[PDB]
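Asks: In order, the protein sequence lines correspond to chains S, F and A. Sequence positions in the first sequence follow PDB author numbering and run 2 to 26. Sequence positions in the second sequence follow PDB author numbering and run 170 to 748. Sequence positions in the third sequence follow PDB author numbering and run 172 to 748.
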Amino acid sequence: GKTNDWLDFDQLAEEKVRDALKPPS
Amino acid sequence: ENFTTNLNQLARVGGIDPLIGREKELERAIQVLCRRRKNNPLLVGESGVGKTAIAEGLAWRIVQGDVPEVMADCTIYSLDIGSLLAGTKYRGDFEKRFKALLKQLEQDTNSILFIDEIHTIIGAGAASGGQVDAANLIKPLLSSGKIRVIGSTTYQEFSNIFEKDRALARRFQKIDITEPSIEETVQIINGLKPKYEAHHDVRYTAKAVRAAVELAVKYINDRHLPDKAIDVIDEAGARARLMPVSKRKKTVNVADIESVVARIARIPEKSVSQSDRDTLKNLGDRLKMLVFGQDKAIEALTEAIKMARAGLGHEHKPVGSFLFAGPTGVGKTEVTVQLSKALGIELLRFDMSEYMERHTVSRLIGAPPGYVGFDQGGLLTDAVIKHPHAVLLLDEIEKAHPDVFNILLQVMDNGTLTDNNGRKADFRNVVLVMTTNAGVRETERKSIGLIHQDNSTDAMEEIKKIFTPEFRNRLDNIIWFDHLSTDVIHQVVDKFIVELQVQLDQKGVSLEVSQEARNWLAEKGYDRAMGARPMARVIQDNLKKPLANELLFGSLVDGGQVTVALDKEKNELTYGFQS
Amino acid sequence: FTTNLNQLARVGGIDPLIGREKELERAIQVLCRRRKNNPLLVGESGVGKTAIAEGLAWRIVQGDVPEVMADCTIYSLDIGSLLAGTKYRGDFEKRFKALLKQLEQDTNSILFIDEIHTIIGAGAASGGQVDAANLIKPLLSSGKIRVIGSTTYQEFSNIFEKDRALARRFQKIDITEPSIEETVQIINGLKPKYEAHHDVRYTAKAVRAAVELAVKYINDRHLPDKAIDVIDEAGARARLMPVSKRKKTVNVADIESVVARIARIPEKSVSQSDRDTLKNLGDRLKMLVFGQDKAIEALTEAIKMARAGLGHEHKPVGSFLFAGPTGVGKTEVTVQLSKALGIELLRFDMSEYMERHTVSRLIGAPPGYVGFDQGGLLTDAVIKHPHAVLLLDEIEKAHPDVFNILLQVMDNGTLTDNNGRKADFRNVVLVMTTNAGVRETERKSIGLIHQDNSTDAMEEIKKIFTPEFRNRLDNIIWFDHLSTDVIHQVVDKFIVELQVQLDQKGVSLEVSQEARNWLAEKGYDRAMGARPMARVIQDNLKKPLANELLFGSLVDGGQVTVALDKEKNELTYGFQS
Ligand SMILES: Nc1ncnc2c1ncn2[C@@H]1O[C@H](COP(=O)(O)OP(=O)(O)OP(O)(O)=S)[C@@H](O)[C@H]1O
Ligand SMILES: Nc1ncnc2c1ncn2[C@@H]1O[C@H](COP(=O)(O)OP(=O)(O)OP(O)(O)=S)[C@@H](O)[C@H]1O
Ligand SMILES: Nc1ncnc2c1ncn2[C@@H]1O[C@H](COP(=O)(O)OP(=O)(O)OP(O)(O)=S)[C@@H](O)[C@H]1O
Ligand SMILES: Nc1ncnc2c1ncn2[C@@H]1O[C@H](COP(=O)(O)OP(=O)(O)O)[C@@H](O)[C@H]1O
Ligand SMILES: [Mg+2]
Ligand SMILES: [Mg+2]
Ligand SMILES: [Mg+2]
């Protein structure tokens, strides 16, 4: 019997960034 | 908008080169563009084919009026991906910019958007291109069909991003683009010849444009045929225009542009010159002058190569069918690199011993786990694809699995090796050579008889047995390297001494080698089975190993004047040390 | 907003350009082309890409350039003012627009923009969607103006694939390290500024020695930049280090010390006094490791050649493979090697790096993942410690992909990770080990009288290791089995290791010579090497002493004696307390 082959699974990375505000006056 | 440049407006005011040829390929675009649904053309071609020229040239027909009535008012805009992604600094800000341009174009009817390098924006995952997930903002317009888009994707990316994604494939019509014929290439340059001539103010010769394309594609071996010709022509005009301080040569010659190709190709001008027949005529004289020994073996190889380059026989078949067979250490490997260096072709070394396991055979066609990595492809296929003019050196071919031999039989018959990815490789211009260190064991085998003086001297018979009869029929002639003579070994020893002397010159230390010393090195460094292979180690241990001990501490630290001698009674090398 | 390089040349702000005659010919040739008329001077840090662009203007004024370029004037973009000066919207557009009209209408005018990578990633105050790159894009395509750029190798590839329109317009120009003769000449031209700032004088020999000492020891930076750092620092040292004497002149002994500090090498290395260390390294290994005199000689001899200079500079210090039976201390000699030389020891167990995905961590992780910031373990380790020992134990267990990395190291001598940070292996020694040779015939020969039917050596190593990789190795130092005579010396050191352990408990161990012989013959196993001696010392000496140390007279500490009885052939332990 031929040897088995394993397949890896790569997870993508994406994140959300907050936003600070600066009033003019 | 500012992001996109109106090709029709640009063509109206000039500045766009005319399109020569590509009628069959260009007409396909007009066909799909007029469709009611699935009217988004896709230009799948390799780099340099001129995918952008086909789009720019298409707009020229619209303004000129050589298009149907529906395509009269049509306007083509080229999207600038760099403008959108630049300055975003926020994943999603780029998407907002695309919507504004899309809304403006959607309002106006009969609008096209030439998205150059579309693969960069719609890459599946993390990419080194657009790095934006434009799949979200590409399928809606493609599905809606309000505005049609032209994509200049590459063959590689198309097989992965477009094929895997059903939405992209179902809303795109592939338009295969191939390199133009050699006869068509010169016609393209002839049409564009006045534009470059008017700029440089020089007139190119008809023979130069024809010869430039032949040597450009062969010697450069970097880009595709259309880009090379336009580049060398522009490069040649600039060089001759400013070569002399005051003098100038309005005319051009073949020898003049040849020097330009040498710089971009990093090859001497002599080899770059179109003198293949001259080098082929004196091929034996060059190899015999560069390397010594195996004169009979070298001469036979030159006659056979001349038969293939004559043009007779089937062109699809491979040019190189040579099976080297002799003891290693006699320069068998050196002729393969010297031949490539003289002809100018590259050198690709593939050791069969590594490709021994049955699973390892698959690597040549494709990597086992390389599902994401389809760019590399098979190890053998990629090298041939990138380098179509290069020698293939196979070592220890006798010790390979049976399935490996069949892979060589296929290329020897059809001349084309397929790839799992789908790339088509041609061995028509690739010379194939393989070496086998077989029969040396049979010759060196000690006879079982009582006298033990039995000599075989029939190693050629063993070569035919280790290989199947089918393989023998494909190869036209096999090369055999005769055993070297003791006198020839003396020249090999001097080669290592010269390299050592050059290395010592940087420190100001001389090295003197006696004639008797060379005899000891030759015998010690030459083996019947391994040939000159031990010479590297024997020279190092005898000469370099003690030298370093004294060079580190002793008289030899400064002054040099090294001397070597050997005692006659014990036959041992003694090196005198002088300050 | 801009500066006229041509006018600066007349005043003399830019020093005379030395060398780079071939590069200039390539730049002017592609510049006059109908298309691709924008040369790009891709180079590394400090090579002088900007200096070449500034040097061209000097040639324009002097007239060395072909008459095609005569009457031309080079300008420079004010990168600082455009990036931050025009913060408000509108001002950036109107001010830059004026430059476009000034650039056009004069074909002889050619712009220059150092660090052209910056304009690709432009900044917008209110996301006006207008940047310097888009404003110049139509002009460059039409060809009415010509520009010159400058960027890094790793940065050049980053923008080449991302943007193809800009890449098409620009022509790549490769830059190389200038010759040593070229480097000393420029330092002379820049000598008035550095020498006047520190109020010192640099000797002619110091300039030549500085460039030579830098490339020999300092390999992280580049020769042109290296010379400026060692020269600027050398003058500074003479200003503050000799506070008592305040030596005005600069000697050759001065700069060599600065190179050692910058290169992080032990003092006197530049003096070459360290030759003594390599001269006597052999003896230290012989006492530490017994029965491997032949193996130590091959390893020691090869190391001398590297430092001596009888070898390829690009090639690393050494590349050896240790193979043999278990317990020969093939890995112990690697550890002690670092202690003798004093360089740090980098240990990379290959058992962990066995899978294809795991081997990737050696050269770095792919981008766009949580492990991108980690980088390359092997590259980071060698970069932090240029002079160190790289130990690859049990290489056979690793995946064959790792060999591809080693093949490059032994050939070129440099390794670059995915991020683009190059790593040098010139001063690092490669010492790998394998346990393939452990296999042997356990069963003895068949017959009344046994025979030494030992299996051949290196046959199995040829099939496991590829030929090209095997040939690249400098020397495969084999390790022989430990003979009965050698075991006597091994036991002696084990008692010392045990005595130091007892020193912390106040117990002095004294073992008779006869007792040592009994322990040696009791556990002497050729296949197991030296490991059985540890178990013999453990079972016979550590076990009884441990019982007394916990519950016995040795709780406080005291002397002990070990001697075998001839009648019983068994060790006898006496405790005095
Ligand atoms: N059939 C053709 N007729 C006329 N000109 C052509 C033709 N094919 C190529 N060219 C010329 O070659 C170039 C093709 O356009 P390019 O923009 O260089 O193509 P491209 O495929 O976008 O190139 P990259 O970006 O290097 S993959 C232009 O200089 C064209 O004038
Ligand atoms: N070829 C050269 N001819 C004359 N002077 C040179 C040359 N190369 C470097 N120099 C001088 O050496 C100085 C130091 O080099 P740098 O200007 O830092 O190089 P660089 O490549 O512009 O550096 P970056 O901007 O950090 S990539 C230059 O400013 C020049 O004064
Ligand atoms: N020649 C020797 N001289 C002194 N101690 C030795 C010698 N050989 C082995 N030892 C000792 O025995 C142990 C050897 O451990 P390792 O260095 O792992 O052995 P190795 O033979 O180099 O490698 P293996 O076979 O993979 S355990 C250590 O405790 C060493 O101090
Ligand atoms: N005819 C020859 N003339 C000069 N040197 C030779 C000759 N034959 C063998 N040698 C020496 O032996 C080497 C054998 O080739 P090399 O590429 O080193 O290894 P391999 O034969 O394993 O490919 C040559 O590079 C050279 O050092
Ligand atoms: Mg050879
Ligand atoms: Mg700079
Ligand atoms: Mg070990």
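Cβ coordinates follow ideal geometry from the N, Cα and C atoms, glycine included.
State the Cα-Cα distance for the pair F/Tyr246 and A/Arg181, rounded to the nearest angstrom.
Replies: Taking the second sequence and counting its residues from 1, the one referred to as residue 246 of chain F is at position 77. Taking the third sequence and counting its residues from 1, the one referred to as residue 181 of chain A is at position 10. Rounded to whole angstroms, F/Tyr246 to A/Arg181 spans 47 Å at the Cα level.
Asks: If you draw a straight line from the C-alpha of F/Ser444 to the C-alpha of F/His288, how long is it?
Replies: As a working note, residue 444 of chain F is residue 275 in the second sequence. As a working note, residue 288 of chain F is residue 119 in the second sequence. Roughly 42 Å separates the two Cα atoms.
Asks: With distances taken Cα to Cα, identify the nearest neighbour of A/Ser328 among A/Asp736, A/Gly214, A/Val530.
Replies: Locating residue 328 of chain A in the third sequence gives position 157, counting from the first residue. Of the listed residues, the one whose Cα sits closest to A/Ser328 is A/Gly214.
Asks: Hey, A/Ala293 and A/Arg260: beta-carbon distance below 7 Å or not?
Replies: For the purposes of this step, residue 293 of chain A is identified with residue 122 of the third sequence, where counting begins at 1. For the purposes of this step, residue 260 of chain A is identified with residue 89 of the third sequence, where counting begins at 1. Not closer than 7 Å, so no.
Asks: For F/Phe461, count neighbouring Cβ atoms within 10 angstroms of its own Cβ and tell me buried if that reaches 16, exposed if not.
Replies: On the second sequence, position 292 is the one that residue 461 of chain F refers to. By the neighbour-count rule (16 or more Cβ atoms within 10 Å), F/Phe461 is not buried but exposed.
Asks: Of all the options F/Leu578, F/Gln325, F/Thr322, which has the alpha carbon lying nearest to the alpha carbon of F/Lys486?
Replies: Locating residue 486 of chain F in the second sequence gives position 317, where the first residue counts as 1. Answer by Cα proximity: F/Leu578.
Asks: Going by alpha carbons, who is nearest to A/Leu384 out of A/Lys510, A/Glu353, A/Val678, A/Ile433?
Replies: Translated into the one-based positions of the third sequence, residue 384 of chain A becomes position 213. For the residues A/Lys510, A/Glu353, A/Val678, A/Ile433, the minimum Cα distance to A/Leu384 belongs to A/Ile433.
Asks: Using a Cβ distance threshold of 8 Å, determine whether the region 330–343 of chain F contacts the region 373–381 of chain F, with at least three qualifying pairs required.
Replies: Judged by Cβ distances under 8 Å, the region 330–343 of chain F makes no contact with the region 373–381 of chain F, as fewer than three pairs qualify.
Asks: Verify whether the separation of the beta carbon atoms of F/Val707 and F/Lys693 is less than 7 Å.
Replies: As a position in the second sequence, residue 707 of chain F is number 538, starting the count at 1. As a position in the second sequence, residue 693 of chain F is number 524, starting the count at 1. Their beta carbons are under 7 Å apart, which means F/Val707 touches F/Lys693 by this criterion.
Asks: Using the C-alpha atoms, what's the distance from A/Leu716 back to A/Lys676?
Replies: One-based indexing of the third sequence puts residue 676 of chain A at position 505. One-based indexing of the third sequence puts residue 716 of chain A at position 545. Straight-line Cα distance between these residues: approximately 11 Å.
Asks: With 16 other CB atoms within 10 Å as the buried threshold, where does A/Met704 fall?
Replies: Position 533 of the third sequence, counted from the start, is the residue given in the question as residue 704 of chain A. Buried is the call here.
Asks: Is it the case that the region 545–563 of chain F contacts the region 579–595 of chain F, given that we only count it when at least three CB pairs across the two stretches are under 8 Å?
Replies: Because the criterion of three Cβ pairs below 8 Å is met, the region 579–595 of chain F and the region 545–563 of chain F touch.
Asks: Listed in chain order, which residues of the region 291–314 of chain F have Cβ atoms closer than 8 Å to some Cβ of chain S?
Replies: Those residues of the region 291–314 of chain F that come within reach of chain S (Cβ to Cβ, closer than 8 Å) are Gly294, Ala295.
Asks: Could you say which of A/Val560, A/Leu456, A/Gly453 lies nearest to A/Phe491 if we only look at CA atoms?
Replies: The residue you call residue 491 of chain A lines up with position 320 of the third sequence. For A/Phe491, the nearest C-alpha among the options comes from A/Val560.
Asks: Spatial neighbours of residue 124 of chain F within its chain, please: C-beta separation below 7 Å, excluding the five flanking residues on both sides.
Replies: The first residue shown for chain F is 170 and the last is 748, placing residue 124 of chain F beyond what the model contains.
Asks: At the level of alpha carbons, what is the spacing between A/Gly219 and A/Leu227?
Replies: Locating residue 219 of chain A in the third sequence gives position 48, where the first residue counts as 1. Locating residue 227 of chain A in the third sequence gives position 56, where the first residue counts as 1. Whole-angstrom Cα-Cα distance: 12 Å.
Asks: With 7 Å as the threshold, decide whether the Cβ of S/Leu13 is near any Cβ in chain F.
Replies: The sequence position of residue 13 of chain S within the first sequence is 12, counting from 1. Yes, contact with chain F.
Asks: Consult DSSP for A/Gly226 and reduce its assignment to one of helix, strand or coil.
Replies: By 1-based counting over the third sequence, the position of residue 226 of chain A is 55. A/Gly226 falls in the helix class under three-state DSSP.
Asks: Pick from A/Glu225, A/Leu202, A/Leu176: whose alpha carbon is nearest that of A/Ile189?
Replies: The residue you call residue 189 of chain A lines up with position 18 of the third sequence. Residue A/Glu225 is the option with its Cα nearest to A/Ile189.
Asks: Shorter than 6 Å, the distance from the beta carbon of A/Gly608 to the closest heavy atom of ligand 3, or not?
Replies: The residue you call residue 608 of chain A lines up with position 437 of the third sequence. No, since every heavy atom of ligand 3 falls outside the 6 Å radius drawn around the Cβ of A/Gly608.
Asks: How should A/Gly360 be labelled, buried or exposed, when 16 other C-beta atoms within 10 angstroms of its C-beta is the threshold for buried?
Replies: Position 189 of the third sequence holds residue 360 of chain A. Result: exposed.
Asks: Our contact map puts A/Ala701 next to A/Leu669 with C-beta atoms below 8 Å; I'd like the distance itself, whole angstroms only.
Replies: Translated into the one-based positions of the third sequence, residue 701 of chain A becomes position 530. Translated into the one-based positions of the third sequence, residue 669 of chain A becomes position 498. A/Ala701 to A/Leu669, Cβ: 15 Å. No contact.
Asks: Which partner residues does F/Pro210 have in the DSSP bridge list?
Replies: Looking up residue 210 of chain F in the second sequence gives position 41. According to DSSP, which records beta bridges pairwise, F/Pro210 is partnered with F/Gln342.
Asks: Buried or exposed for F/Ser252, please, with buried defined as at least 16 other CB atoms from any protein chain shown within 10 angstroms of its CB.
Replies: Indexing the second sequence from 1 puts residue 252 of chain F at position 83. Burial call: buried.
Asks: Does at least one heavy atom of ligand 2 sit under 6 Å from the Cβ of F/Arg205?
Replies: As a first step, residue 205 of chain F is located in the second sequence; it is residue number 36 there, counting from the start. F/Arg205: no, Cβ never under 6 Å from ligand 2.
Asks: Please report whether the beta-carbon of F/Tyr365 lies at a distance below 7 Å from any beta-carbon of chain A.
Replies: Mapped onto the second sequence, residue 365 of chain F falls at position 196. At least one chain A Cβ lies under 7 Å of F/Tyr365.
Asks: Classify F/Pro395 as buried or exposed, calling it buried when 16 or more other Cβ atoms lie within 10 Å of its own Cβ.
Replies: On the second sequence, residue 395 of chain F is found 226 positions in, with the first residue counted as 1. Burial call: buried.
Asks: Which residue or residues does DSSP assign as beta-bridge partners of A/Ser280?
Replies: Stepping through the third sequence from its first residue, residue 280 of chain A is reached at position 109. Per DSSP, A/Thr244.
Asks: Who are the neighbours of F/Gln672 on chain A, taking C-beta pairs under 7 Å?
Replies: The count along the second sequence starts at 1 and reaches residue 672 of chain F at position 503. What F/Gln672 touches in chain A: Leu481.
Asks: How would you call F/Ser509, buried or exposed, if buried means at least 16 neighbouring beta carbons within 10 angstroms?
Replies: The residue you call residue 509 of chain F lines up with position 340 of the second sequence. Counting Cβ neighbours within 10 Å, F/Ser509 comes out buried, since at least 16 surround it.
Asks: Quick one: list the residues of chain A neighbouring F/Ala717, beta-carbon separation under 8 Å, in chain order.
Replies: Along the second sequence, one-based indexing puts residue 717 of chain F at 548. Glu472, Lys475, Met476, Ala479, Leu481, listed in chain order.
Asks: When you compare only the Cα positions, how much space is there between A/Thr550 and A/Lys397?
Replies: Position 379 of the third sequence holds residue 550 of chain A. Position 226 of the third sequence holds residue 397 of chain A. Using only the alpha carbons, I get a separation of about 22 Å.
Asks: Name the two residues that bound the continuous beta strand (DSSP E) containing A/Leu561.
Replies: Taking the first residue of the third sequence as position 1, residue 561 of chain A is located at position 390. Looking at the DSSP string, the run of the beta strand (DSSP E) that includes A/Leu561 is 559–564.
Asks: If you measure from the CB of A/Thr502, is any heavy atom of ligand 7 nearer than 6 Å?
Replies: The residue given as residue 502 of chain A occupies position 331 in the third sequence. Within the cutoff, so yes.
Asks: Could you give the distance in angstroms between the alpha-carbon of A/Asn589 and the alpha-carbon of A/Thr221?
Replies: Within the third sequence, residue 589 of chain A is the residue found at index 418, counting from 1. Within the third sequence, residue 221 of chain A is the residue found at index 50, counting from 1. Near 26 Å, if we compare the C-alpha coordinates of A/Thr221 and A/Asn589.
Asks: Is A/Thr322 near ligand 6, in the sense that its beta carbon is under 6 Å from a heavy atom of that ligand?
Replies: Counting from one through the third sequence, the residue named residue 322 of chain A turns up at place 151. Every heavy atom of ligand 6 is 6 Å or more from the Cβ of A/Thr322, so no.
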